[PDB]
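Chains as they are written, first to last, in our numbering: chain H, 2 to 383; chain F, 18 to 400.
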Ligand SMILES: CC(C)(COP(=O)(O)OP(=O)(O)OC[C@H]1O[C@@H](n2cnc3c(N)ncnc32)[C@H](O)[C@@H]1OP(=O)(O)O)[C@@H](O)C(=O)NCCC(=O)NCCS
Ligand SMILES: CC(C)(COP(=O)(O)OP(=O)(O)OC[C@H]1O[C@@H](n2cnc3c(N)ncnc32)[C@H](O)[C@@H]1OP(=O)(O)O)[C@@H](O)C(=O)NCCC(=O)NCCS
Ligand SMILES: O=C1C[C@@H](c2ccc(O)c(O)c2)Oc2cc(O)cc(O)c21
Ligand SMILES: O=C1C[C@@H](c2ccc(O)c(O)c2)Oc2cc(O)cc(O)c21
């Protein structure tokens, strides 16, 4: 046992990302969306959608779904028609394929042979199948058949935090263990026509985009061969009081359907300081401007209300807001995009650490429950 | 870090199980199945199904699905009609509820307060939802809102092995950590009428039953308060060569569909010796009759072919075959039923350990990939 376990902290050794090539600009999206769903006669609905897109703080999203795919699948353009099989035909292929894109880039940065990967954690909100996307990606990359797999299906936007909590325990309990984590999301599971009865669906079509992110996680990194980017210090999870039904996601005959309440920004902002204190008081840290921030960019209102309630300088949420701006909400993938933006912008602006010159960092995932996942991170020098 | 980690091996401290009260005897099942699915005109198919049930070595299965629910959901009795929403309406409620049945029993055996549960791992092959069955069970039991949850959806028959591998890393890496693992399966997601084009579906309807199992796992058990049942020593996983497509499961508009190939018993039995060697060589163990066996009772053919290829005395597979006989194939839940049957029958037969008087044990999960999961277990003494 004592020799079978690793000594040091789980560490991010590499981060890769990938998006579908197809790029849709938010400025023109209300016109595109109402046109391709043949709903331009719903003028009030379109005006309401225009206001959502205008306040979204999203410049662009990447989307596998094109007009050509939508023309060949009219049932996906309707609001609530039988479409799961046509959606699965796309997503069961594209999720592992996008995850392969991200995984290759993480593996290239890491630079070790594929044989060294002992574990794979695959996380999606975008379809389910047996064998899983974990199997499909093992085959796509040529991992060892003895790779130990965890397939995290139907996770939602805290899935990015969940895979790091998982990778943490695996890497730290297994000497030599190197964990590939991959989060991959394709909105083709959820894309539908607008309807006046489901205004929360409209909000989802303003925010959700496609992407995948991959990291290599290991404890006791090699001095010459491996380059630490972040350390994973602790992982917590909580269900917020009075939050029942705030975020529901159903996999139906009509595909993936979302049920968002307007209260979500309020519920998270009202509970975030208790989450900070439970994570940081044991480390004697109390100044929320003295830590770097990896906040799941769920939407501008979440970031705004957390920033306001906690008292953050605008710089703290910059990396989260860049991911929201450049990619939208990519569910489980987003927080790894934020981590990657933060370490790259920190090096480019010649700061002292991978976390904007600070030592300690917080990573937040938010999703159904309502669930808040809190990870304490530690930066490494540049 | 050296402070936040536990010292000893992840240990099973309690096991509870639960099944739907509705009990379907296999002897009469061909008549029930062909009748409730209004398929009595398919005489050849029914004769083939009669032979499958007769060779199944299953005496009974528990099924949430009753005739009354089938009459109110005709689309589920068809082979391949749009039915996912009706299936989900049953399974998204009954999976957590059956898991709560098993979890309550494990928690009663354990005897510690619910507040001591730090982590929950929920596994199913029976429907998906957000929030998950993990959330629903947290609510049903009244676990702490700070419980750290892993929701293992669409896992298949190796899920029972997977949750123990997960609990092992969590319990050993987190001082004080007590992990509730729950596997819960409801065949309402998969139940359908027979079709001459899908004979593997027929095999499923002969073997799969409903059930849930729960265990409490922790490292460094408390000397006065907690009594170990098994230790989790190692966990391995492999994709068998030349096995692509052997076991597929699709969640469709028509519910969960299975795609089994006849080679499955062959593929597993041909690779099991290498899996035993990879797990036990490092411990210097070579005699497969000197260890206790927790084999996923996927079907009589898998147990028969492994027993023959490995050279096992009939005694080794007794606990696996009892679970098959008394419950059928309960997917991810089955191996925990087998662990529970082994420790209970070992105490009843006044044997020296929880593993039929042996010290070392092997637990196998099998499922899509084709994936074989191999855990080394260690028994504990029995007074
Ligand atoms: C939608 C959003 C991007 C812009 O809205 P905003 O900054 O609050 O500005 P407004 O109040 O002008 O809202 C614009 C429109 O969206 C509507 N809206 C916002 N959230 C909504 C919700 N959950 N359900 C329904 N409508 C909603 C408003 O009613 C308004 O419609 P109207 O102008 O026709 O009355 C912002 O509300 C947001 O960040 N919310 C989503 C956060 C969230 O729930 N994330 C989920 C992660 S799973
Ligand atoms: C189903 C089972 C109980 C039948 O008993 P058996 O000893 O194989 O007996 P038989 O070979 O006579 O099988 C009975 C019938 O089932 C058919 N059958 C068996 N496996 C089949 C499969 N995978 N697909 C289609 N038909 C199958 C046989 O061809 C035969 O049809 P017939 O009687 O008209 O000739 C047995 O095959 C079994 O245990 N299967 C292994 C379990 C499995 O593959 N899945 C595990 C769950 S993941
Ligand atoms: O309902 C959903 C949609 C889902 C999603 C799917 C595919 C994507 O590419 C994507 O960006 C998002 O995201 C969700 C995330 C949640 O936290 C809750 C949900 O209900 C949903
Ligand atoms: O397709 C399936 C069915 C599934 C199952 C669901 C619900 C139950 O109660 C149950 O006992 C089984 O079991 C499977 C197990 C597998 O390993 C693969 C599958 O495709 C399936």
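Where is the CB? At the ideal position from N, CA and C, for every residue including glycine.
Bridge partner(s) assigned by DSSP for residue i
i: residue 195 of chain H; result: Beta-bridge pairing links residue 195 of chain H to no other residue.
i: residue 169 of chain F; result: F/140
i: residue 344 of chain H; result: None; residue 344 of chain H has no bridge partner.
i: residue 396 of chain F; result: F/247
i: residue 15 of chain F; result: The requested residue 15 of chain F does not occur in the structure, where chain F is confined to residues 18 to 400.
i: residue 24 of chain H; result: H/63
i: residue 32 of chain F; result: F/232
i: residue 390 of chain F; result: F/254, F/382
i: residue 205 of chain H; result: Its beta-bridge partners do not exist; DSSP assigns none.
i: residue 175 of chain H; result: According to DSSP, which records beta bridges pairwise, residue 175 of chain H is partnered with nothing at all.
i: residue 372 of chain F; result: F/375
i: residue 346 of chain F; result: F/225
i: residue 202 of chain F; result: F/228
Assigned exposure category for residue i - 16 Cβ within 10 Å defines buried
i: residue 313 of chain F; result: buried
i: residue 130 of chain F; result: exposed
i: residue 373 of chain F; result: buried
i: residue 174 of chain H; result: buried
i: residue 279 of chain F; result: exposed
i: residue 125 of chain H; result: buried
i: residue 353 of chain H; result: exposed
i: residue 288 of chain H; result: exposed
i: residue 323 of chain F; result: buried
i: residue 322 of chain H; result: buried
i: residue 306 of chain F; result: exposed
i: residue 131 of chain H; result: buried
i: residue 120 of chain H; result: buried
i: residue 383 of chain H; result: exposed
i: residue 116 of chain H; result: exposed
i: residue 127 of chain H; result: buried
Residues near residue i in its chain [Cβ-Cβ closer than 7 Å; skip 5 each side]
i: residue 216 of chain H; result: 13, 15, 16, 107, 182, 337
i: residue 83 of chain H; result: 76, 254, 255
i: residue 286 of chain H; result: 292, 361
i: residue 273 of chain F; result: 206, 207, 266
i: residue 234 of chain H; result: 10, 377, 378, 379
i: residue 23 of chain H; result: 63, 64, 65, 67
i: residue 210 of chain H; result: 62, 63, 64, 188, 328, 329, 330, 331
i: residue 169 of chain H; result: 11, 233, 236
i: residue 254 of chain F; result: 388, 390
i: residue 167 of chain H; result: 122, 151
Close Cβ partners of residue i (< 6 Å) along its chain, the five nearest in sequence each way excluded
i: residue 87 of chain F; result: 53, 94
i: residue 97 of chain F; result: 271
i: residue 66 of chain F; result: 47, 219
i: residue 1 of chain H; result: The displayed coordinates of chain H run from 2 to 383. Any statement about residue 1 of chain H would go beyond what the structure contains.
i: residue 320 of chain H; result: 339, 342, 343
i: residue 107 of chain F; result: 205
i: residue 95 of chain H; result: 65, 187
i: residue 265 of chain H; result: 247
i: residue 1 of chain H; result: Examination of residue 1 of chain H is not possible in this model, given that chain H is present from 2 through 383 alone.
Close-in-space but distant-in-sequence residues of the same chain around residue i (CB under 8 Å, 5 per side omitted)
i: residue 98 of chain H; result: 141
i: residue 283 of chain F; result: 322
i: residue 260 of chain H; result: 201, 246, 248, 249, 250, 251
Which full runs of the beta strand (DSSP E) of 3+ residues lie inside the segment 296-335 of chain F, going along the chain?
Given a length threshold of 3 residues, each whole run of the beta strand (DSSP E) inside the segment 296-335 of chain F is given here in chain order: 309-312.
Can you give, in chain order, each stretch of the beta strand (DSSP E) that sits fully within the segment 223-293 of chain F and has at least 3 residues?
Restricted to the segment 223-293 of chain F, the beta strand (DSSP E) segments that are unbroken, complete and at least 3 residues in length are 228-235, 247-256, 264-269, 272-277, listed in chain order.
Just the residues with CB closer than 7 Å to a heavy atom of ligand 2, in chain order, which are they?
Ordered along the chain, residues surrounding ligand 2 are F/65, F/68, F/69, F/72, F/73, F/174, F/216, F/217, F/219, F/220, F/223, F/224, F/264, F/277, F/278, F/279, F/281, F/282, F/315, F/316, F/317, F/318, F/319, F/346, F/383, F/384 [Cβ under 7 Å from any heavy atom].
Just list the alpha helix (DSSP H) runs in the segment 79-143 of chain H, keeping only unbroken ones of 4 residues or longer that don't cross its boundaries, in chain order.
For the segment 79-143 of chain H, whole alpha helix (DSSP H) runs of length 4 or above, ordered along the chain, are 85-111, 134-142.
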